[PDB]
Amino acid sequence: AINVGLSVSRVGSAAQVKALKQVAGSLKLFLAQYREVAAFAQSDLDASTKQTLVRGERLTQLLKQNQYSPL
Amino acid sequence: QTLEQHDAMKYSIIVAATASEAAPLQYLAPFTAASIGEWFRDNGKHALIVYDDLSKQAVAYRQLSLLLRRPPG
Amino acid sequence: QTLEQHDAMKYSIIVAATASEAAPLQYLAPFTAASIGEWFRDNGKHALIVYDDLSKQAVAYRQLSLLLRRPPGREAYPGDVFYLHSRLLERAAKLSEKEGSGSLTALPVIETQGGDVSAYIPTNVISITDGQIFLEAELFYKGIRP
Amino acid sequence: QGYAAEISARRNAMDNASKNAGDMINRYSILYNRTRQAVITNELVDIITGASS
Amino acid sequence: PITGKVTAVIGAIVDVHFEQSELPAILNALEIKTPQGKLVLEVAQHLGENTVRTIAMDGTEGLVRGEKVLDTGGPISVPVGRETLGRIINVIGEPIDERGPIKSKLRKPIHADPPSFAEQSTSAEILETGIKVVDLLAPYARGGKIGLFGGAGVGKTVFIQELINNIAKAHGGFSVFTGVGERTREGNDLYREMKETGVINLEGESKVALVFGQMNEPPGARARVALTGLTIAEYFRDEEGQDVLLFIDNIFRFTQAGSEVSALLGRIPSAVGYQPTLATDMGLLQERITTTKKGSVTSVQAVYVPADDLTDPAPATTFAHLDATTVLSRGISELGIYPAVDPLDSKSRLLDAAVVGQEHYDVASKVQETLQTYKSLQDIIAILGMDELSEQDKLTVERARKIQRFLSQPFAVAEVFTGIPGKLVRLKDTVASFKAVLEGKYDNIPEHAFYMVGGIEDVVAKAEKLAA
Amino acid sequence: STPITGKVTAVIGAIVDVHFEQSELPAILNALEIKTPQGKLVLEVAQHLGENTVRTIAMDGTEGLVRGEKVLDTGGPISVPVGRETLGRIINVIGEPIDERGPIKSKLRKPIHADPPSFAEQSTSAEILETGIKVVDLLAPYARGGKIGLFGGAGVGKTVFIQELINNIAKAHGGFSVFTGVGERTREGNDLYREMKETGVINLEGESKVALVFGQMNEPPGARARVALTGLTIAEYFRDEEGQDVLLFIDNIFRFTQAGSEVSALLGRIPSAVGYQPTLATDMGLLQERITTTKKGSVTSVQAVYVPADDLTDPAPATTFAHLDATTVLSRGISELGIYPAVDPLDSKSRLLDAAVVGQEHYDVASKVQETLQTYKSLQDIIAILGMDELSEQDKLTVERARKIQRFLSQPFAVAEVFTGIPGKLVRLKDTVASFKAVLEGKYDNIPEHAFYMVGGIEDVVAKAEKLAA
Amino acid sequence: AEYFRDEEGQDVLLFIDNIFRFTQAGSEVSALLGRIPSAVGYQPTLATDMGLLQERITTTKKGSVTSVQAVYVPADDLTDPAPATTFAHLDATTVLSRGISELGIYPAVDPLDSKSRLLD
C-alpha cells in the first residue's frame, strides 16, 4: 500500500542486480509517470498518455495481494 | 503464534515491553534488542531489527523527561 | 560602503551591536543611540533615528532577564518589555520655540519571522507609534521592490 | 439550441464545483484541527516554565 | 496495623505521617475515621520519612490534621460473586441504591496484575450474539475491544440491554455496566429501565451489576470505578469459568478525571492538556481484559470525541487498543431498523479469511460491496431520475434493498414498541442466510417482505403473511 | 513603635523591596517614600513578604535608587486634590502639577482608592445622551449612568473619535468633566491640551468644564496603573459631595489592562488567560462600579479600548465587552472607505437600548436599517459569483437603499480636518430618526448615494440633492 | 577554516550539513546548565552563540569564506528560532520544501520563497 510518490531512497538505494536492471531500471520512476497522466486525466487524449494510463491501471491492479502470503 | 504456524519462530527473537509495563522498561526496550542484534552483526553475520513503534517509546520516555524538567518540543 | 559612494556620510552616525557581540551590548545599543539623537534635538537642530530592529533587542533583554531569574511572560519575553520600548520612542519630541523647535524623529522597525501580529512584541510597538507603514511579502513578488 | 446547452452545461459545471469545493473543505478541516492542537500545547508550556522557575 | 496522624489537607490531596517503622506500600487503601462516614485514600507516592501522598475517593471536608489513620494492608476491596448483581455500587463497593449492605462471601482488590503471556488471547476466538449485523460485518470476539459510537437515548440503551440478554442464553453469563462520569438523575432512570426490560430482577439474582461513578465524588472515584467492575467480571472468569461483557461509558470522562489525578499528585498534566501517563493506564486496564483458559472478559467501551476530532491524543490512544468499531446512528432508526447499526461503518480487524474461516469473510465482502455500489449508483440515479436506471444498475439496487431490510431484529429489548416477538440469530446462521440471497434464490420474495425478521427460517413466514 | 527607617534590599526593575526595622508591622496599600534627586519616589505596598519586608511597585524612577537609602513610612494610599478648583489644570499621577502654576488648589483631598458604591446607593438611568453623530444616535445611543466603550483596532481614528465627543457634548451639558490620559504619547497630550485651550474647556482659572490628568508611558508600569485611580477620584467628588454630573473620559484603557499584566508576573502571580493578569475581572470590576449613577451625580464615562491584532474574539477584549454598557466596534476598512466614523452599523450595540426608552418610531427605524444592511451583506456573496442581475426586484431595491444608508453614516468632523478639512456638524436625535425613515419608506430613493455622502442633518440632505444636479 | 583564511592567506569555501544540529544540542544542554528555556523550547543564549560561530568564518581581507549553511527545518515550521536567526546572518536564500522535492523537482528550491541582495 506504498506510494512511490512519497517514498524515496537516497544512499540507501541499492538492491538492483542485473535481473532487476534489465526488466525495468526502476519501475518507480515509470509509476511516477502514471501519477502525472492520471493527475490531469481526472492527461492527453493522445495515444502516448493513454498507453501509460492503460499500463499504470493494469499495473496497480496486479500489485494486489493477500495479507501474510508473500511471493 | 502466527510465526509458529508458519514455521519461522525459531529464527526470530521477540522482545516485549507492553503498555501495562513501567515507563523505563519501554524506554530501554529498543536499546536492549539492538544489543542482541549487534552480537549477530559483529560475528560478520547479517541481521535485521524492526523497532515497532518508536513513537510509543517516545511517549514512554516523555513522562520520565517531563518529570526530569527537560524542554518540551 | 553604499553610503560613502552616495555621499550620505557627513551627517550620518552609525550605532552598532553585531550578532557575535554580547547580549548586554545588544540591549544597550538603541539606548546609547537615543542620546546622540537627543543632543541634536536639544540644540534646536533635527535628526531622525532608525532603530532597526527592536524585536532583536527584546530577545537581548530576554536573555538578560532569564539568567537573572525574572519569570517568563507571554512567549518567554519578560513582563516589562513594553516599558523599554515606550521610554525610548517618546524621546522623539519637538520642543517649544524657546529651545529652537528641534525634534528627534524615530523610525522603529520590527522584523517579524512568521508575520504574526498576535505576538506580544509587535502589538506592543503598534500602540506606542502614531502611524504604521506596513510592508508585506506578497507585494515584493508582485514587482514592488523594495 | 445554444441556450438549452448553456443552461444544461452550468448544471454540470456547478455540480463538479460542489464536489471540488467539498474535497477542499475536508482538506482545510484536517489543517484546522492540527493547528488548534499545537496552539493548546504551546500555551500550556509557557505556564509550566513560569511555575517551575 | 500501624497508625498515624494526618499531616496535610491541601486540596483533595491528604498526606499522612505514621509512627516510625515503615509506611504503607504503594496502591494500598487507608481508612480514616470521621463523622463523614469513612474516607478511603489510595497511596500514589511515598514522600519518604514515613509520610505518603494520596488521592481521594470521597469528598474532602470534615478533615482535621491529627485524625488517626489505619492501613488496611492493600487496595480497596470490592465485593464479588453472584450476590452483588442488579445493585448499584459506588467506588468503595457499598450501596448508593440503599437496598442494604452489599456484601458477598468474597471481596477482591481493585488493582490486580494482568495474566501471564501464556494465558492471554493467543489464538482467535469468536463471541456469538443474536444480532445479524454485528456477527457478519464486525464479529465480536472474546477479549475483543469494540468501541461504541453515537449518542445516548436514540438506541444506545436498547443496544446495551440486548447484548446482556444474548449472553445469558449463549453461556450463562453476566455483565457489569460501569458508568464513568455518571449523572445521578440518569442513573435512577437506567436502573428502573433495566428492571422493566428484564435484565435486573427485584427478587434474587439478576444478569448485569451496576457500577456508578457520580461527579459529586472526587476524580479518583470516576477513575477507579472502571477497575471496580473489572474485578467482578474476573471472578466469574477465573473461579467460575464464565464469559462476561464489560461496558464502559464515555472514555472522554475516564480521560478528564485522570488529568486531574496527574496534575494534583505533583506531576505535570502535559499531553495536550491531559495526563502523560494516559497510554500506560489504558495499558493496565485493557490488558487484564482477555481470554484465559477458563473464561473470558470482553469489553465494549464508548468513544466520545472532544470536539469532533479523531486526530486528538485521547481518541488516538483508544483507537490503537480497539479491534472493532460499531457505529449506531439515527438515520437508520428513522427508516424503522432496530439495531441502529451502520453496515457501512461496521468494521473489525478480526474480520479476516483466517479468523472466521474463508466463507464468512467472502460473504461479508459481497454484502459490503452491494451496499457500496448501490450508494454510488444512487447519487446520479436520484438526480437523473429513477427511470434512467440501467438493467445492470437496477440489479444492484434490488439486491441491496433486500439486504437492508433483512438485517433488522424485532429483538426482545425493543419488543414492546414494534409489538413483534424477540430474535436471537447465531453467527453460523447469519452467514448461511446471506449465501442464498447472493445467488438470488429469493428474488421471487418481495423486497419489503424481508421486513423485521432474522435468520433464513424467519423470512419464510413474512413472505406468506405479506401475500396473505 | 513604627520605624521611619527602611533600607532598600532589592531593585529589580519596578519591584523595590524595603527592610523595615523592629515593630513596624507592614500593611498593604501604604505609601513609602524615598528621597531621591528626581523628587520623592512613591512606592505603593502591594505585598509584605514577612518579617517587616515589603515588595512594592514604583510610581517614579528607579534608575537612581540607591540601596541603603532611608525609606520613610507615610501610610495608606497617596492623596491627590479634588474640588472645583482642580479643573483645567494638568495633574500628575503622584498628584503634582506639570502645568507649573503653583500647587493644584485644594479644599479637601481624598485618596486615589475608593470603595465601590453599595446596591442601596445605585440608581437607574433616565437621561439620553445625544452625540450628534448619525450612526451612534440611530443604532446605539448612550444614556447617563453608562460605561461606554469605543472598541477598535489601530488606525480607525481612536483619538479623533474621543475628540469629537468633547467638541460637541462637553460644551453642551451643564456639568463639569474629567479627562484622564492613561499611558499615552507626548504628541497626543499636547494635541488635546492646545485644541481644548482654544475651545475654552481648559482655562487657567479654575471652575472649568474639564480636568486634565496626564499620566504617560515613559513612567514605570505602576504609574500608568494608578493615573486612572487618580482621575476617577475627582469624578467621585463631583458626584457625591459637590452633586454635579460628570461626563468623564478616559483614554486608552488597554494601557491600564496591559500595565497590570506587566507587574503581575513579577509579583509572582503567574499569568492567566494567556499573557494577562489573573486579576483581570476584579480590577475591571472595581473600576467600573465607581463610575455610575447613584442618589446624586451621574458619572458617565467614555472609555477608549484597543483590540489587539484587530481580532475581538481574543480574551482581553471579550472580558471587557461584558463590563461595558454601550459598545461600538470600529475597523480599518471603514475609515479608509471615506465613511467617517469607522463605527460599524450592526455591531454598535447598547444594553441601554429599549423600544420605549428611545421611543417606538426610533426603534422601528433602526431595526429596518439593521435588516436592510444584513440583507445587503447576505447578498454580497450572491453578487460576487452569481452576478447582480440574478437578484429579485425586491432584493435589487434593498441593495440600492442599503448603499444610500451605507453612505448616510458619513459625516465629517472638525477634529477630522486632518482628513477631509470640512468642519463638524451637529445632528439632533429626531432629525436622524426622520431622514433614515424616509429612505426606507421609498419616498426618498429619488436622492442619490453621494448626496447622503458628507451631510449633517436633514436640511443638509436636501441641499446636496441640488448641488450635484448642477 | 580560520587556519586556511589567515595564516595560509587563502580564500576558502565552506559547506555545512546541518547547522541545526549545533542549535539543537545546545538547547538540550541549557536546562542542565542553569538556564530557563525560551519560546518553543529553544535556549535563551541562542543569538549570541550562533553569531560567534558564523563570524568565525567571516569575510576578512586575507580570505573570503563563501558559506553554504543548511538548517534542517524543524517539524515543518521555518518561523521557529533555529532557522529564523539564520536569516540574520544571510544575504541570499534558496528555501526548499519537501512537497516540491517529492513531485519530481530536483533542486527543491521554492521559486516563490527566495530573495537575494546579491541580485540587482
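The letters A, B, C, D, E, F and G name the chains in turn, as written, and every chain counts its residues from 1.
The definition used in the following text is that a contact is a pair of C-beta atoms (placed from the backbone, for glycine too) under 8 Å apart; a residue touches a chain by one contact, two chains touch by 3 or more.
In UniProt terms the chains read E, F = ATP synthase subunit beta, mitochondrial.
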Discussion item. If you apply the touch rule, which chains end up adjacent to both chain D and chain F?
Written reply: C
Worksheet item: In terms of CA centres, which chain lies closest to the overall middle?
Response: D
Fill in: C-G or B-G, whichever has more C-beta pairs in contact
C-G
Practice prompt. Express in whole angstrom the distance between the two chain centres, defined as the mean CA positions of chain C and chain E.
Written response: 62
Response to the item:
Whole-angstrom distance, CA centroid of chain A to CA centroid of chain C, is 57
Worksheet item: Whole-Å distance, chain B centre to chain D centre, using C-alpha means?
Response: 39
Discussion item. Using the touch definition from the top, which residues of chain A touch two or more other chains?
Written reply: 68
Worksheet item: Taking each residue of chain E in turn, which ones touch at least two of the other chains?
Response: 268, 270
Worksheet, complete the sentence: Where chain D touches two or more other chains at once, the residues are 41, 45-46, 48-50, 53
Worksheet, complete the sentence: Per the touch rule above, chain B residues touching chain G in the complex are 69-73
Practice prompt. Could you pull out which chain C residues touch chain D in their complex?
Written response: 69, 71-72, 74-76
Worksheet, complete the sentence: The chain E residues in contact with chain D across the complex are 268, 270, 272-273, 309, 311-312
Worksheet item: Touching chain D in the complex: which residues of chain F?
Response: 265, 270-271, 274
Response to the item:
In the complex, chain D touches chain C at residues 46, 49-50, 53
